[PDB]
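K.L.:
There's a structure below that I have some questions on.
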Amino acid sequence: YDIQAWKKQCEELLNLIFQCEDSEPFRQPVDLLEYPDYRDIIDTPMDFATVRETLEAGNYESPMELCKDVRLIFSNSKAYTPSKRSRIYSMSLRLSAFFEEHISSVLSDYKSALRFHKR
Ligand SMILES: c1ccc(Cn2ccnc2)cc1
Numbered sequence: 002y003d004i005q006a007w008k009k010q011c012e013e014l015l016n017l018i019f020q021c022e023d024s025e026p027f028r029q030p031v032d033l034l035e036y037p038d039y040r041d042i043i044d045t046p047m048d049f050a051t052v053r054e055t056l057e058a059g060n061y062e063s064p065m066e067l068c069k070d071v072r073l074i075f076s077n078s079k080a081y082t083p084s085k086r087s088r089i090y091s092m093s094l095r096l097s098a099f100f101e102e103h104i105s106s107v108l109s110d111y112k113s114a115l116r117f118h119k120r
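Numbering-wise, my numbering comes out as the position in the sequence shown, counting from 1, plus 1.
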């Protein structure tokens, strides 16, 4: 029933993601010199360094808001890929499965703690 516990749980999960080789393409914003038409296709760029800085600034109120930005990293990968078989897209699908496996208990514990506070 700790309403604040999600923040350190999300810091530790970001640490595991940065250590994962599959996160390499997603650790910084997409480079617009490497991909000159990027912003014609992607309206809201997102990356793991931006999510980590947003958390450390105190600019997420819940783990649901963090989860929405991490899912945007993966939906941007799917929208930019030329093929469902591409290397960077295949890295995003494995990292998405790993993220979803670990975030479900963070979300459940937070929502349970808020229900207990309002009982
Ligand atoms: C597939 C999916 C996405 C991209 C763009 N991009 C490059 C690095 N991280 C994302 C390239 C190919």
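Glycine residues also receive a C-beta, built at the ideal position from the N, C-alpha and C atoms.
Note the first and the last residue of the continuous alpha helix (DSSP H) segment covering residue 20.
P.N.:
Per DSSP, residue 20 belongs to the alpha helix (DSSP H) from 7 to 20.
K.L.:
Ligand 1 heavy atoms versus the CB of residue 89: any closer than 7 angstroms?
P.N.:
yes
K.L.:
With burial defined as no fewer than 16 other Cβ atoms inside 10 Å of the residue's Cβ, what is the status of residue 41: buried or exposed?
P.N.:
exposed
K.L.:
Report the residue from 105, 103, 53, 77 whose alpha carbon sits nearest the alpha carbon of residue 93.
P.N.:
77
K.L.:
Can you list, in chain order, the residues of its chain whose CB lies under 8 angstroms from that of residue 4, leaving out five sequence neighbours each side?
P.N.:
111, 114, 115, 118
K.L.:
Report the residue from 61, 51, 67 whose alpha carbon sits nearest the alpha carbon of residue 27.
P.N.:
51
K.L.:
What whole-angstrom Cβ distance do residue 64 and residue 108 have, given they're in contact under 8 angstroms?
P.N.:
Residue 64 to residue 108, Cβ: 6 angstroms. Contact.
K.L.:
For residue 36, I'd like the list of residues in its chain whose CB is within less than 8 angstroms of its CB, leaving aside the five on either flank, ordered along the chain.
P.N.:
81
K.L.:
Which residues in the same chain have their Cβ closer than 6 angstroms to the Cβ of residue 90, if we skip the five residues on either side of it in sequence?
P.N.:
78, 82
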